[PDB]
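Since the structure comes first, as structure tokens, the remarks are kept for the end.
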Amino acid sequence: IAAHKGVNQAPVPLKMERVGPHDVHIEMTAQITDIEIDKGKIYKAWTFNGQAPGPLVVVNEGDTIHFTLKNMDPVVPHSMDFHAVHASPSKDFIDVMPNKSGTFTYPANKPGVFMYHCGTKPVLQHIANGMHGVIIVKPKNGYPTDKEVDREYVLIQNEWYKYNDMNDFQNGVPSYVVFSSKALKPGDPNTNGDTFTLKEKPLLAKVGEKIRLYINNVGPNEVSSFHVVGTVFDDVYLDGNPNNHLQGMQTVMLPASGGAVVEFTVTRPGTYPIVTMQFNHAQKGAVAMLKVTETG
Amino acid sequence: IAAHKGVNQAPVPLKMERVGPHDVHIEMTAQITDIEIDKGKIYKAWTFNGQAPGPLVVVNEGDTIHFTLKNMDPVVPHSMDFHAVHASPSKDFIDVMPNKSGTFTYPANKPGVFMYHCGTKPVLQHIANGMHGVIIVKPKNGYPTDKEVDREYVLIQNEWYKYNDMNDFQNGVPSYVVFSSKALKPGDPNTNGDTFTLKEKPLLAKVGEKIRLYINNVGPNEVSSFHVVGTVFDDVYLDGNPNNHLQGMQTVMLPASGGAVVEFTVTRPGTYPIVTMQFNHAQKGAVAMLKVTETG
Amino acid sequence: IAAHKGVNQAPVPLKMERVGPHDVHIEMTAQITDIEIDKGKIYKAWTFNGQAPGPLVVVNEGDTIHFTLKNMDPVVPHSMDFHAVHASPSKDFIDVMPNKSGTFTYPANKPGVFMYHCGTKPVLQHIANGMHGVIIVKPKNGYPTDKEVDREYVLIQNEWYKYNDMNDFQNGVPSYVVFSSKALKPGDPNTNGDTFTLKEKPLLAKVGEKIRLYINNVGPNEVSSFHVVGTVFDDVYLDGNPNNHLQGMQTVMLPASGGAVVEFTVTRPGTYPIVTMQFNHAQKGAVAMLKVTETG
Ligand SMILES: [Cu+2]
Ligand SMILES: [Cu+2]
Ligand SMILES: [Cu+2]
Ligand SMILES: [Cu+2]
Ligand SMILES: [Cu+2]
Ligand SMILES: [Cu+2]
Ligand SMILES: [Cu+2]
Ligand SMILES: [Cu+2]
Ligand SMILES: [Cu+2]
Ligand SMILES: [Cu+2]
Ligand SMILES: [Cu+2]
Ligand SMILES: [Cu+2]
Ligand SMILES: [Cu+2]
Ligand SMILES: [Cu+2]
Ligand SMILES: [Cu+2]
Ligand SMILES: [Cu+2]
Ligand SMILES: [Cu+2]
Ligand SMILES: [Cu+2]
Ligand SMILES: [Cu+2]
């Protein structure tokens with residue numbers, strides 16, 4: 001796209017603020033931003049806010065979201081579909097033109113770990129170029145295992161293809177499959193989908209801890225066989241709904257867009273890989289690390 | 001196949017009749033029928049009854065099915081495997097020769113949303129050429145959410161490959177992935193697996209309704225990441241068995257042949273896409289539409 | 001690998017012995033062994049104990065495993081990752097050099113049907129060349145349906161690719177997808193992942209029996225849509241954990257490394273195929289047979 005040549009729009013922070021006990025404002029951008037997805041490999045991503053996957057959104061069950069998209073792309077329209085919400089797609093997930101904004105309002109009434117993504121045709125093009133992310137909706141009544149959890153992180157799986165190549169997006173294997181982590185609390189890492197960051201800068205934990213991961217596989221095209229090496233998931237909540245409780249899972253199958261809350265205990269000091277057990281994907285980048293120390 | 005050149009056997013209606021409180025007769029054909037799977041693209045499908053996927057069968061839990069297959073194909077044997085039934089495959093899912101009939105009897109004792117397909121070697125060839133469908137077995141005791149459901153439809157996902165090409169069937173990506181709808185009540189649409197019909201003629205519903213979909217992914221080869229845009233599944237029954245209850249799912253993973261009953265609320269007027277979130281497949285056809293109006 | 005040319009190391013029996021009420025010794029080898037994966041096709045597999053998948057391990061919930069790997073490969077290091085165990089991967093799933101041994105100790109505290117595999121980088125290479133298997137951990141309190149089960153077997157699904165070809169392992173479709181059976185009791189078959197053995201020598205059962213299968217899809221790369229033709233699964237325990245109970249499933253979705261305990265009734269004499277309903281994989285080998293007779 002001629003109008004994207006040389007474009008590298010600096011990341012813009014997510015803006016959120018609570019405007020009522022059950023109402024929250026969110027403002028995101030659509031923007032074109034260079035991201036290093038593998039060493040020496042820059043992808044001029046289509047993004048929310050200059051991150052791919054996009055920034056983490058966290059709301060409470062029952063919150064109505066008043067969402068603004070400011071489209072900084074100079075030529076391509078963009079839009080937003082939150083899987084968390086009840087909305088009219090043809091009214092509320094509509095396009096925002098270049099250099100314009102749009103505001104849409106809709107409720108998040110279901111707890112869980114939801115994908116969000118651009119909804120502009122061809123949606124495959126917009127998702128594969130980077131316009132995906134996660135919104136967490138916290139359950140009013142928590143999870144039954146909340147009191148056991150010592151530490152928590154968010155991990156997202158996505159693919160990368162040949163650059164803006166619709167034939168490859170439709171018909172080709174992914175060139176890379178990657179993990180990223182998005183911060184929940186101050187000091188947590190906040191990273192983009194790449195083959196290396198969570199190897200070189202592992203997530204951190206302490207011996208004996210029960211860890212919760214909020215996870216989503218945003219695809220666009222693949223499923224995930226999510227596994228933490230050296231442990232077993234004590235508890236799994238499919239899509240992060242507390243009712244969808246499984247126990248003692250080795251591996252959690254995630255559809256494209258699928259989420260989960262998974263919890264597991266790290267019993268011994270060391271480094272614990274986090275993989276998809278679809279090992280062709282792990283070989284192509286989808287391995288993160290958890291470093292477990294006596295202190296944390 | 002020389003004997004299929006120029007063959008286009010007109011669709012023949014499914015025949016069913018109840019013959020006892022727990023016994024039902026079903027008569028289907030195997031026949032060779034041209035189907036427009038994408039605009040301008042005719043596939044000379046191997047079918048049950050001239051539809052691909054085949055006609056919908058609905059029975060009650062505990063019904064014994066007395067099934068007749070009349071093979072109209074001039075050269076290829078065909079057969080029937082119902083996933084709903086307990087049967088001896090080597091006696092009861094056997095081949096029927098060209099221009100012959102065969103009758104087989106077997107019980108449907110499990111509620112749910114089952115695949116059916118031809119069982120003739122190579123089974124991949126017979127399924128990929130179009131010989132797939134759904135049989136619904138209604139639970140004796142219903143589902144716990146029956147009283148909440150306002151409206152219901154059946155949707156089926158399938159792939160199409162290069163025509164009768166066993167190399168492609170085994171080794172290639174699908175050329176198209178598609179939805180079809182099969183009628184449960186008078187006036188419901190009844191369509192074949194194609195890239196366009198359920199876009200151009202959306203399923204219909206009314207604002208505020210709880211919708212039930214009976215769904216199955218018949219493959220042959222792919223899994224599905226089933227999602228209704230702009231809603232969340234309130235309740236999901238895996239394979240349509242009432243016991244396999246999930247709540248608040250964004251996306252339902254379906255194996256090849258996998259079924260589900262999914263229920264969701266449409267809160268606002270508009271058009272709601274129905275997708276697999278494996279967006280390479282959605283791009284290749286697997287998007288249906290649900291049009292939600294103030295009246296229905 | 002020059003040092004593997006002409007190498008065919010005869011299979012060595014698994015060694016296990018109980019050393020305390022909650023402690024078990026296991027000794028395995030890593031070795032290079034020719035396996036006929038399809039008629040006329042020899043794969044010089046990287047194996048545990050000369051089998052691919054490797055030998056079956058069965059322990060009790062709460063058993064600590066004192067595991068020794070004796071590496072007979074003349075040049076490549078190997079290692080062991082049991083999905084059953086809590087361990088420090090960077091201390092306990094480490095490499096054993098050629099012609100050396102290593103001993104590692106770790107608890108199996110979770111019931112279920114777990115993958116095991118080599119953990120040596122590139123792990124895809126080691127798994128795809130054959131270093132995969134299953135460990136069953138028997139639940140202390142059994143399964144709720146134990147008293148209904150008449151007969152049980154273990155089945156494992158795996159893929160085979162072009163020989164030691166990392167490009168194909170990462171980017172290619174499987175050349176073969178296969179089932180194998182591993183013995184639980186004397187007289188049970190014990191076979192390797194190949195396209196033919198369980199067709200030519202079916203598993204055996206008697207009319208009317210409830211059959212339990214302990215199943216795992218070891219991949220490396222594909223998911224499985226596991227189905228027994230002519231029946232429905234009465235009960236399914238995901239990953240073999242008794243809590244993860246489903247009923248009346250036609251088809252069980254297994255992620256890569258995913259396990260299950262599945263139970264089903266065979267009502268009539270005959271031969272019952274066992275498939276993945278991803279029929280491209282079934283066409284490429286993934287069909288086993290169950291022969292059901294009046295006697296067994
Ligand atoms: Cu309030
Ligand atoms: Cu507002
Ligand atoms: Cu966009
Ligand atoms: Cu892939
Ligand atoms: Cu703790
Ligand atoms: Cu799956
Ligand atoms: Cu693993
Ligand atoms: Cu009766
Ligand atoms: Cu009759
Ligand atoms: Cu047929
Ligand atoms: Cu595909
Ligand atoms: Cu209603
Ligand atoms: Cu979506
Ligand atoms: Cu004891
Ligand atoms: Cu010892
Ligand atoms: Cu190895
Ligand atoms: Cu495949
Ligand atoms: Cu019995
Ligand atoms: Cu089938």
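Residue numbers start at 1 in each chain; chains themselves are named A, B, ... in the order of the structure tokens; ligands are numbered from 1 in the order shown.
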
Just need the residues of chain A within 6 Å of chain B, counting only C-alpha atoms, so spit them out as a tab-separated table (two decimals) with N, CA, C and O atoms, in the first residue's frame.
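Listed below is the output, out_13.tsv:
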```
chain	number	residue	atom	x	y	z
A	86	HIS	N	-22.30	-7.85	23.81
A	86	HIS	CA	-23.53	-7.99	23.02
A	86	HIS	C	-23.72	-6.76	22.20
A	86	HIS	O	-23.86	-5.66	22.82
A	87	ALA	N	-23.75	-6.82	20.90
A	87	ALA	CA	-23.82	-5.63	20.04
A	87	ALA	C	-24.43	-5.98	18.72
A	87	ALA	O	-24.46	-7.18	18.36
A	88	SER	N	-24.93	-4.98	17.99
A	88	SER	CA	-25.34	-5.19	16.59
A	88	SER	C	-24.16	-5.04	15.67
A	88	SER	O	-23.64	-3.92	15.58
A	89	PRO	N	-23.66	-6.11	15.04
A	89	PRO	CA	-22.39	-5.92	14.33
A	89	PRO	C	-22.50	-4.87	13.23
A	89	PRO	O	-21.54	-4.13	12.99
A	90	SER	N	-23.65	-4.81	12.55
A	90	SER	CA	-23.84	-3.91	11.40
A	90	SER	C	-24.08	-2.45	11.83
A	90	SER	O	-24.09	-1.57	10.97
A	124	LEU	N	-9.90	-11.34	7.47
A	124	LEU	CA	-8.65	-12.09	7.54
A	124	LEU	C	-7.45	-11.16	7.35
A	124	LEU	O	-6.41	-11.35	8.02
A	170	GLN	N	-4.60	-17.01	3.34
A	170	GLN	CA	-5.67	-17.98	3.07
A	170	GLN	C	-5.20	-19.40	2.97
A	170	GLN	O	-5.91	-20.33	3.34
A	220	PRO	N	-4.67	-15.83	13.35
A	220	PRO	CA	-6.04	-15.92	12.83
A	220	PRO	C	-6.51	-17.31	12.50
A	220	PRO	O	-7.76	-17.47	12.40
A	221	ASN	N	-5.64	-18.28	12.19
A	221	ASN	CA	-6.08	-19.46	11.51
A	221	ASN	C	-5.90	-20.74	12.30
A	221	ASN	O	-6.58	-21.73	11.98
A	239	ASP	N	-12.86	-20.47	28.35
A	239	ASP	CA	-13.21	-19.11	27.98
A	239	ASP	C	-13.20	-18.21	29.20
A	239	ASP	O	-13.71	-17.09	29.15
A	244	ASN	N	-17.15	-23.33	33.60
A	244	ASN	CA	-16.65	-24.31	32.64
A	244	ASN	C	-15.36	-24.91	33.17
A	244	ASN	O	-14.25	-24.75	32.63
A	255	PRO	N	-9.63	-23.20	20.41
A	255	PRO	CA	-9.96	-22.88	19.04
A	255	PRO	C	-9.33	-21.53	18.65
A	255	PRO	O	-8.84	-20.82	19.51
A	256	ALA	N	-9.39	-21.18	17.38
A	256	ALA	CA	-9.05	-19.80	17.00
A	256	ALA	C	-10.04	-18.89	17.71
A	256	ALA	O	-11.29	-19.11	17.57
```

Distance query stretch 63-76 of chain B at most 7 Å, only C-alpha atoms, self and fewer than 2 positions along chain excluded, as a VMD selection string: chain B and resid 3 22 to 32 59 to 61 78 96 to 109

Which residues are near residue B:38? Cut-off 8 Å, only C-alpha atoms, ignore same chain within fewer than 6 positions. Put them as a PDB file with C-alpha atoms, in the first residue's frame.
```
ATOM      1  CA  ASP B 194     -22.027 -22.811  -0.793  1.00  0.00           C
ATOM      2  CA  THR B 195     -20.159 -19.498  -0.252  1.00  0.00           C
ATOM      3  CA  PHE B 196     -23.118 -17.181  -0.743  1.00  0.00           C
TER       4      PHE B 196
END
```

Those of stretch 94-141 of chain A in DSSP strand (DSSP E or B), formatted as a list in words: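 The strand (DSSP E or B) residues within stretch 94-141 of chain A come out as residues 96, 101, 102, 103, 104, 105, 106, 107, 108, 112, 113, 114, 115, 116, 117, 132, 133, 134, 135, 136, 137 and 138 of chain A.
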
So that I can see what lies close to residue B:164, please list as a VMD selection string the residues with an atom at most 10 Å from it, counting only C-alpha atoms and leaving out residues fewer than 6 positions away in the same chain. chain B and resid 1 43 to 46 125 to 126 128 to 129
